[PDB]
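1. build me a structure from this.
(3 chains, ligands or ions: 6)
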Amino acid sequence: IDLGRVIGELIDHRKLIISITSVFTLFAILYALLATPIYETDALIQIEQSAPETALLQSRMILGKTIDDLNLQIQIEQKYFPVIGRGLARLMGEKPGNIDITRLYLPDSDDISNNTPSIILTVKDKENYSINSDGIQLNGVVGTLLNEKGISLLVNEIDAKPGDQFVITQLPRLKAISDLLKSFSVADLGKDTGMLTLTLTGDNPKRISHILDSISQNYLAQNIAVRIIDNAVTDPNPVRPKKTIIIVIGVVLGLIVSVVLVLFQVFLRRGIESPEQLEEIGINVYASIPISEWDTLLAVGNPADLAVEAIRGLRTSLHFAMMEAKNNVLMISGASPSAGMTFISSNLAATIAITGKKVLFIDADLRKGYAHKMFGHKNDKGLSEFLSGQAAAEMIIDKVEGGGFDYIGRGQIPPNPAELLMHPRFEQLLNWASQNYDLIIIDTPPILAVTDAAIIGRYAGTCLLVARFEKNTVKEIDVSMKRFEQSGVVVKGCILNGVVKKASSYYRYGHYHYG
Amino acid sequence: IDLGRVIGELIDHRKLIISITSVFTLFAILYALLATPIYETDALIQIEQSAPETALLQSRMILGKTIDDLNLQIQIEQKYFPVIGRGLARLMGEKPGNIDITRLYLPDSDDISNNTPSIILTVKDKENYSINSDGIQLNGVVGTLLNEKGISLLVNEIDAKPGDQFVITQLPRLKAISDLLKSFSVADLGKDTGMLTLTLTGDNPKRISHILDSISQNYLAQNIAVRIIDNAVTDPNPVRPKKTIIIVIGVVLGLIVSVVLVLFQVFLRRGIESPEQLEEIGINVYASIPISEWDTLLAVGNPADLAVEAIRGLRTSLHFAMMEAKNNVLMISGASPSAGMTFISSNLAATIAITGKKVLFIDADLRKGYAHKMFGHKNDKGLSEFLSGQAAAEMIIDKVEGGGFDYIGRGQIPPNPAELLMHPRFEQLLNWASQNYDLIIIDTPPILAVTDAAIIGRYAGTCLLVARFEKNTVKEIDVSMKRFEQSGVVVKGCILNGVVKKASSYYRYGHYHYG
Amino acid sequence: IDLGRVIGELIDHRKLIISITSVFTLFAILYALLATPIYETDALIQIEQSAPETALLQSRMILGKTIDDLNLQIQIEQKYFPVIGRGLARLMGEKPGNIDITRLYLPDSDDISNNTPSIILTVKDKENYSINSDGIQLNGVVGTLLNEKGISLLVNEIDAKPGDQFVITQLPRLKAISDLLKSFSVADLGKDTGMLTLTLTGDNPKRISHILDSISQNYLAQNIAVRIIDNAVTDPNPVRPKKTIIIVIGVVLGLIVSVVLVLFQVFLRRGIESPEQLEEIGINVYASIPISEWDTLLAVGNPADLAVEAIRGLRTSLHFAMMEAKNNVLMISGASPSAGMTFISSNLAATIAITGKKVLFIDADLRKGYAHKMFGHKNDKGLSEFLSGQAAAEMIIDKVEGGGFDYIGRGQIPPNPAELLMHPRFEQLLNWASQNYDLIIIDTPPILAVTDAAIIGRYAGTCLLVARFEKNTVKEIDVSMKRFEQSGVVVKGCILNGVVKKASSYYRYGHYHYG
Ligand SMILES: Nc1ncnc2c1ncn2[C@@H]1O[C@H](COP(=O)(O)OP(=O)(O)O)[C@@H](O)[C@H]1O
Ligand SMILES: Nc1ncnc2c1ncn2[C@@H]1O[C@H](COP(=O)(O)OP(=O)(O)O)[C@@H](O)[C@H]1O
Ligand SMILES: Nc1ncnc2c1ncn2[C@@H]1O[C@H](COP(=O)(O)OP(=O)(O)O)[C@@H](O)[C@H]1O
Ligand SMILES: [Mg+2]
Ligand SMILES: [Mg+2]
Ligand SMILES: [Mg+2]
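-> Numbering: from 1, shown residues only, chains lettered A, B, ... in the order given. Ligands and ions are numbered 1, 2, ... in the order given. Sure, structure below:
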């Protein structure tokens, strides 16, 4: 491989690359803007050692004392239903509410799993509130204590707007101690001095400084039954989430996944990409037809279409190839369905009719031929009725209205399509038509699916295959050619159909307007 | 690859290389001259240890004491609207102003984000000044204190020119302490001695020395409730920005980006560069025409042009190639539009007419032919009107004025250009003209876009393709030749057009004046 | 590559190699002889530790005390206008002057940048002197103090010759301390003993020893409020610049730059170097003509020239090649101008005329032919006038005086040179001349520039190309041959012209005298 190939591949897949990278970067931005910020407070302690003091600070006696002093076993969480409600509320500038609770005693359900009882408190005004544990609604008032239904609560100084809801949990003392220990750090910072740096993290910048001051006071008071050089203050800039590294990670991750996905698609492609793939195998390509982005004949509705220009190129190529052919019959076939055989056949018939030659178009697709719909029809008396013997050769020929050539439709779909085509009446029809017309074009079903084209091809002096631009593979076309050669039918060459513009190709068609 | 190639590439791209390097170096110089200089002061302290003293110096008690003593919570910034105003003002030799403020109390808005209140003070004279916080204009006088609108201010010794504006911020004490700590360093410098080196950086060389003296005095006074060997002095040479390394980095960065960009363009080029690329594929090149930097025929306006000399070379080559041709008709075509087919065709007709031969020029580009504009025209009765049957072969031929040959214009643009050219009247016209002229030159549309040239080429004894020097690729020309061969038209060879001088080429044309 | 090639390349480029190396070595010698010498003094101190004493010696208290004692803030510099004046003065044996100044007070301008005031003192005699700060001229006398114009000066013991000028600077105390600190070093030299080695460098060998003695005394005196084992003495041999390493570096740098430059030129050469380069491509070389270092014909002025000998070799080669040629016409052409086509053509005509054969020389360079100047002329009625029809074939032929052959000049420069040559009168002239002469030689313009030679070559039975020895490339000659072949002109072979002696060649011509 070379760099031009990969650059063209990136240019072609730019829509997917951009979409994937933008999606990943949007998710990264949403996380870096909706994650709750985490602040850090710290304090500095003087030791007159300092290895066992580190274990004494993190022990459950000191931390438990702090928790008892500060009532850290009463967890209060402002309620937002979604997982992004809190982040949005912070972004909108809404001030978070808080409640001071000095006494809480839940009935302590203490079942197998839920060791932490919790209730929901809804604020009705600055004074009263509603409480529900499991649907049991009670009304309480700030100030006066509540002792009802096995529930004790004392609420002071509700500072929020009415309608807010708060989850109040009474978690066990060990759970509180473990929570405090997880966010608490002690370090020496000199490895030999009596200086210890205590650190604490949390989402409330005032609460963490109060908690660290409590820890320092408890440790100092316990030791004298040590000097606090720096009492706890909180850095106002949150330490998490780290926004810029998150966004950079998101962008780079999006780019790498996009690149590997494009590499995956490029390594898994097998369709035809240029006429050179067919010409390596030894197959003549007579034209490349682009997709016309424009029940009508294209060569009649839009004669100045680019696909019709490419078909005029095919017309001039054929006028030279079909010299020294045994008769004036051309058969168009292909490997797979919807490659474009009917499109090519009918539009070629129209462009050859505009030059003043008499053209007969035969729809010999007895299984799915729709040419009568595309030309305007009297669907009676098609090729079926003629072959089965219930029609004559003069009742089946009709005129294309905006075209200028004659045609024969398929007729009624028969039960034995391949066997009807083997009747000698088919060759009688071809020999009769070959004397009243300058050209006969026969449209057929694909050869890999059924065998009708190989029957028809015995009486055609020229045979061309239609290959679809991206769908078909080189192996398919080669197998189709060999299946034709085995039945005694020589295939003159190929027509590539439905070509589109690709930056990776480096093959230049003339698929652009000139005028 | 070899070194001659890369040297030629650099010579060719020197304009881009020089421009990019000069832009990057100019940006580096602008930064190294507009960045505010940062000075450094330092002091030396004697310790009679020295590991915990390092943590005691950087603690908030000592630094906070210094900040309280020196009023470092009053931030004063001289106001320049742009981000380069201060640098320009320093470069112009303008002396920065300063104000001594001993008492500041802003109303402490203290909203969600802006924790630092700030006002703007405009100097009206040496005595009075104007103050605005949020549009509230007040007048104050140096000396007498101001207590108005919840704002307290005391300003002493305004030393600036009238019209200056200063931002006065009252930042919080922790913010001041963090600012001081960021620019403050303590080191041991012997790792065992009682010597400590204290360092401080900042943009004011006197303020930083005062701050470091205050820190040293506070630490010394606190310890005795230590010897200061060296009091703080400031190195007069700024430590940042480091100009020479910045400029060197800018130059080297410019060179590397230029080299990679030129390498990128060289690896992405696919156009034809020399006739050897076409001759490898097996295509005869009959001439290489340079760009003529000079609605007129070039071979008539400037007969001594270099392009006309190259076209005389083509004339002598053709006089030998067109021997043993079936008729005296030459068709010029090409792959893509604006390769130079009309330019070559018409100028070749002029140079062959000056040698005394009778020449007919036919503009068979029925879609975009403009030869009638370039020759001086009676636009009626062109090739269209003749082919469609509404004109005779004697009414369509006209004389080029400054030329010396006959011509046929396209006529009115028809709706069916390819089908008009297929009329037997075209061959009748060619056979009639072939007996009254020594040479007929036919100009055509490009073959990749439309098929008209392949129709015309059946009656031309000689056919040449025009390839544009840098635009076309070898694949394009090969595809054009094969599309012609498929239609039964043998292409004699190619003409390379619009060649220019490239140091990387190492192919020598004769594109220079001799006279 | 092999060693013989590179040795020959060095032999050929020896002039450049020697010049570059000599230039670099001369610059190195000039630096190593003009750089001011820097002396070193040192002293040895005993410590009864020694880690903090190192920081105490380099502190600003001790160094500042030394500077105050020795008045090191008075900088005196003897004035030389150029940057090599001092070095030359030292080399000429001139004794540097000195002035003892005990009191200096400049007005202390103290602007934004120039913190160091300076004045210029011009010595008028042993007693009086002139002083100028900014053009303000004052007269002072040794002894009596000066207090004028805000300037205080006391000068003692002027020891210099009259006319000398000295810059006297009053630099700030910190600048003096930093200057002293930069040149001062302290080391332990045992890493554990009480021995310290103090070192000081400077351009004055007595001043530095005095300064180091002052530093030692101040440190010793301060400590007792330490033993000086060795007081300061100066090594009389300067420590910088180190001459031999500088000169060796200069020589080696010159050699490496010379070698890379010669390698650069050798890798960038593309011209023809030997006839073998042309014979690989399949081109017969019939002669190699050397440069003749000798408006005259060389074969007449200096018949025993080496170039004329090589041309006699060409004459004998041609007498055998031109057998079985269709006529007796020889055309000489070439690729590029000033390859030597006229030189070869005319001198070949002279050497063939001395053998008793009748020779006609035709100057068919209608664009820049100067043969009439070189033969002695009647410039009227040349080839132009004949072709345009205004002269006959008998009025245009003239005699070369010192030669022995006939010639036709170009005539008046025409506006249509290529079209004049296409007249059938040219072939009439050639057919008439072919019956009255044994040989006709035609000189032409180069074929890459214009096409005239390809027109003339149709009527020449033999055609030779001239290639210039170093200017032309193999690609040029091959392109010229192919441009001739395309026009139906067969080129017999080549003549290499202007060959010179190259040690790298290893191709031996016979370009030496034999006689
Ligand atoms: N180059 C093309 N541009 C636009 N439409 C095309 C092109 N080729 C085929 N088609 C359309 O795509 C559809 C499938 O092609 P069709 O010719 O009917 O398939 P089949 O090979 O089975 O006979 C048709 O509706 C056809 O009109
Ligand atoms: N070697 C050239 N030097 C200067 N101008 C040129 C050269 N070749 C083409 N042109 C000019 O560039 C324009 C486009 O070329 P043209 O011959 O008209 O294109 P086309 O190939 O479509 O017929 C024209 O205006 C032409 O005169
Ligand atoms: N081998 C040579 N030795 C000395 N002078 C030479 C040699 N070859 C050419 N010259 C001189 O160098 C100049 C340029 O060569 P000239 O023959 O006039 O060039 P051109 O190829 O254009 O006809 C002339 O003055 C010529 O006399
Ligand atoms: Mg179909
Ligand atoms: Mg054109
Ligand atoms: Mg000459």
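2. which element is residue A:278 on?
-> Secondary structure from DSSP states H and E places residue A:278 in helix A:275-281.
3. residue of the stretch 151-300 of chain A with the smallest distance to ligand 6?
-> residue A:276 (50.4 Å; Cβ to the ion). The C-beta positions use only the backbone N, C-alpha and C, and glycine is treated the same way.
4. for the nearest residue to that residue once chain neighbours are set aside, grab phi and psi.
-> Spatial nearest neighbour of residue A:276, excluding adjacent residues (Cβ to Cβ, 6 or more residues apart in numbering or on different chains): residue A:507 at 6.8 Å. In terms of degrees, to the nearest 10, the main-chain angles of residue A:507 are phi -110, psi 130.
5. what about residue A:507, how many residues nearby?
-> 17 (other Cβ atoms under 10 Å in any protein chain shown).
6. against ligand 1, how distant is residue A:458?
-> The gap separating residue A:458 from ligand 1 is 21 Å, by Cβ to the nearest ligand atom, to the nearest Å.
7. ok, how many other residues are close to residue A:499?
-> For residue A:499, using other Cβ under 10 Å, the count is 24.
8. next one: the nearest residue to residue A:148 once chain neighbours are set aside from ligand 6, what distance?
-> Closest residue to residue A:148 apart from its sequence neighbours, by Cβ to Cβ, 6+ apart: residue A:138 at 6.0 Å. Here residue A:138 is placed at a distance of 119 Å from ligand 6 (Cβ to the ion, to the nearest Å).
9. for beta bridges, what are the partners of residue A:138?
-> For residue A:138, the beta-bridge partners are residue A:131 (DSSP bridges).
10. now do the contacts for it.
-> A:130, A:131, A:132, A:146, A:148, A:149, A:151 (Cβ atoms under 8 Å, 6 or more residues apart in numbering or on different chains).
11. compare the residues you listed and tell me which is most surrounded.
-> Ranked by neighbour count (other Cβ under 10 Å), the contacts of residue A:138 have residue A:131 at the top, with 20 neighbours.
12. quick one: contacts for that residue?
-> A:119, A:120, A:121, A:122, A:137, A:138, A:139, A:140, A:146, A:151, A:153.
13. the last one contacts residue A:142, doesn't it?
-> No - assessed by Cβ atoms under 8 Å, residue A:153 is found out of contact with residue A:142, at 10.7 Å.
14. quick check, residue A:496 in a strand?
-> Yes - the assignment for residue A:496 is a strand, going by DSSP: H, G, I helix; E, B strand; the rest coil.
15. next, give phi and psi for the closest residue to it other than its chain neighbours.
-> In this structure, residue A:496 finds its nearest non-sequential neighbour in residue A:288, 4.5 Å apart by Cβ to Cβ, 6+ apart. When read as degrees, to the nearest 10, the backbone of residue A:288 gives phi -130, psi 120.
16. how far off centre is stretch A:242-262?
-> 17 Å (Cα atoms, centre = their mean, to the nearest Å).
17. contacts for it?
-> So stretch A:242-262 is contacted by A:9-10, A:13, A:16-17, A:20-25, A:27-29, A:31-33 (Cβ under 8 Å, 6+ apart).
18. what comes up buried for it?
-> Going by neighbour count (16 or more other Cβ atoms under 10 Å in any protein chain shown), the buried part of stretch A:242-262 is A:243, A:246, A:247, A:250, A:251, A:253, A:254, A:258, A:259, A:262.
19. assumed the fifth one was part of a helix.
-> Yes - when the secondary structure is assigned by three-state DSSP, residue A:251 falls within a helix.
20. which stretches in the stretch 151-300 of chain A count as helices?
-> A:173-182, A:205-223, A:243-267, A:275-281, A:298-301 (DSSP state H, counting those that start in this stretch).
21. state the helix or strand in which residue A:43 lies.
-> According to DSSP H and E, residue A:43 maps onto strand A:38-46.
22. which other helices and strands contact the following helix or strand past that strand?
-> Where DSSP H and E defines the elements, the next helix or strand beyond strand A:38-46 is helix A:52-57. In terms of contacts (3 or more Cβ pairs under 8 Å, 6 or more residues apart in numbering or on different chains; DSSP states H and E), helix A:52-57 is packed against strand A:195-202, helix A:205-223.
23. of all those, which one is nearest residue A:397?
-> Among the helices and strands packed on helix A:52-57, strand A:195-202 comes nearest to residue A:397, with 89.9 Å by Cβ to Cβ.
24. the closest one vs chain B: in contact?
-> Yes - using Cβ under 8 Å from any Cβ of the partner chain, we find that strand A:195-202 touches chain B at residue A:195.
25. what sits against the residue of the stretch 51-200 of chain A found nearest ligand 6?
-> Residue nearest to ligand 6 within the stretch 51-200 of chain A: residue A:91 (85.6 Å; Cβ to the ion). Counting by Cβ under 8 Å, 6+ apart, residue A:91 makes contact with A:33, A:34.
26. cool, and the one 5 residues further on?
-> For residue A:96, the contacting residues are A:78, A:89, A:90, taking Cβ under 8 Å, 6+ apart as the criterion.
27. hmm, what's the outermost residue in chain A?
-> Largest separation from the mean C-alpha position in chain A: residue A:225, at 67.1 Å (Cα atoms, centre = their mean).
28. in a helix, residue A:86, correct?
-> Yes - assessed with three-state DSSP, residue A:86 lies in a helix.
29. ok, now how distant is the spatially closest residue to it that is not a sequence neighbour from ligand 5?
-> Of all residues not flanking residue A:86 in the chain, residue A:80 sits nearest, at 4.9 Å (Cβ to Cβ, 6+ apart). The gap separating residue A:80 from ligand 5 is 71 Å, by Cβ to the ion.
30. what's the helix or strand for residue A:80?
-> Counting by DSSP H and E, no helix or strand carries residue A:80.
31. just give me the neighbour total for it.
-> Neighbours of residue A:80 using other Cβ under 10 Å come to 13.
32. hang on, it packs against residue A:90?
-> No - if you go by Cβ under 8 Å, residue A:80 and residue A:90 don't touch, sitting 10.3 Å apart.
33. ok so, going back, now the buried members of the contacts of residue A:131.
-> Neighbour-count burial (16+ other Cβ under 10 Å) is assigned, among the contacts of residue A:131, to A:119, A:121, A:138, A:140, A:146, A:151, A:153.
34. in the stretch 1-150 of chain A, what residue is nearest ligand 3?
-> In the stretch 1-150 of chain A, no residue comes nearer to ligand 3 than residue A:4, which is 44.0 Å away by Cβ to the nearest ligand atom.
35. isn't that residue right up against residue B:268?
-> Yes - contact criterion Cβ under 8 Å: residue A:4 and residue B:268 qualify, at 6.5 Å.
36. between those two, which is the more surrounded one?
-> Each of residue A:4 and residue B:268 had its neighbours counted (other Cβ under 10 Å), and the higher figure belongs to residue A:4 (15 against 10).
37. returning to that earlier point: what's the closest of the helices and strands packed on helix A:52-57 to residue C:480?
-> Closest among the helices and strands packed on helix A:52-57, using Cβ to Cβ: strand A:195-202, at 83.3 Å.
38. on that earlier part again, where does the residue of the stretch 1-150 of chain A closest to ligand 3 land in three-state SS?
-> Residue A:4 ends up helix, using three-state DSSP.
39. tell me who's in contact with it.
-> Residue A:4 neighbours (Cβ under 8 Å, 6+ apart): A:506, B:267, B:268, B:270.
40. thinking the last one is in contact with residue B:473, fair?
-> What it means is residue B:270. Yes - Residue B:270 lies in contact with residue B:473 (Cβ under 8 Å); the separation is 5.1 Å.
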